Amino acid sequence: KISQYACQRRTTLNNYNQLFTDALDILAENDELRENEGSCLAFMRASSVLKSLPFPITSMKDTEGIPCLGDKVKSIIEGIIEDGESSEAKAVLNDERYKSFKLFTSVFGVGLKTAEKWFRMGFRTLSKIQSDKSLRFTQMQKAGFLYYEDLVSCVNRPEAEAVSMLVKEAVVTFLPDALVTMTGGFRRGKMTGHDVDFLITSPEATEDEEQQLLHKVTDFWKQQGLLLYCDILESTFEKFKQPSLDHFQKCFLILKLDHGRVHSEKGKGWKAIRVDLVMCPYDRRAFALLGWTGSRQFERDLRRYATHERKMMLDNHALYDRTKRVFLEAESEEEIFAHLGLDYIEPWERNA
């Protein structure tokens, strides 16, 4: 039996159902841009369960015993089995509002509100937006437009590793005892990503040294001419608050990655790379690692399972047991899964 919860499934990168899931992901995206939360959720959960299958669906009979496949989802599966394409997903891909929203939000610093503003202004291309003389851009949008081509190109593993080396060398300079872990998609086995994520923690740092680290590292990169964009969000972390972005100190950067630093098989001798850095208190390292490893659907199901099946409250900071009225401690992800009564799911099995 297949669980309705992603945290109770193993979801590896060998997706045998890409024909179905790419269509369901398009339909979910469209419901997200069109403010239909209920419908977005249904397509996401159905796409997620199909991703977990060890075989391709080739008939409607193969969908038997699979949870989260409503009548609307089963009609989409049926249409794809019929001729290999989804008429519903194809109509979304041809929709003018969907196309503009995907295009505009592909720019770093442009979200739903700005994409909507530009669409209602009659803009349809990035060329027309960038060259417009009346529009005013935020500093994040200016960096988004300045480094567009590099940011829209996938970050690959040799590039993520070259960034990891930079992060580690910068962090060790100020905190020699620091632990630096690459998170997100790359930790789950992905060959590519839109960015590179890191979780930094220090067993000995004081509250102040841990506040100062991201400032020290970004200033060190600014001096070297590597910081292309920087936004540091201060911590709002509360040591004793119940579990519910996360509240940890973090920064969203654009780094200058020199081609010479990249050990791969293969113009300007550098590439712009989006880098996220998260600093957390040492005792909460496992919760932040679990939260930042993802995938987003895996994290959503973990929290839902903890609430509805275990009467536990879980987030990126802590795990609280409402019955025992006690916070549960963990030095690893394995201990969090054990506290939750879940079989351990390896990072590369969390691609829900």
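We number the residues from 1 along the sequence you see. Here, rigid core means the biggest group of C-alpha atoms that superpose within 1.5 Å across both forms.
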**Q.** Higher-deviation segment by CA RMS in 7 other deposited structures of this protein, core fitted, 318-326 or 28-36
**A.** 28-36
Q: Pick one of none, 1 to 3, 4 to 9 or 10 or more for the number of deposited-sequence residues not modelled between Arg136 and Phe137.
A: none
Q | Size class of the missing deposited segment between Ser244 and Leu245 | A | 4 to 9
Q.
Tell me which stretch has the larger mean Cα B-factor in this entry, 55-63 or 31-39.
A. 31-39
Q | Residue range whose averaged C-alpha B-factor is higher in the record, 310-318 or 64-72 | A | 64-72
Q) Which of these has the highest Cα B-factor in the record: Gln224, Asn156, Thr183, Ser127? A) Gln224
**Q.** Given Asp177, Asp132, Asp197, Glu78, the residue at which the Cα B factor reaches its maximum
**A.** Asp177
Q) When the modelled residues of the chain are sorted by Cα temperature factor, does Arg284 land in the lowest, middle or highest third? A) lowest
Q. What third of its chain, lowest, middle or highest, does the C-alpha temperature factor of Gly144 fall into?
A. lowest
Q | Record-listed C-alpha B factor of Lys271: chain third | A | middle
**Q.** Entry-reported Cα temperature factor of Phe119, expressed as the chain third it lands in
**A.** lowest
Q. Going by the entry, which third of its chain does the Cα temperature factor of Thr192 land in?
A. lowest
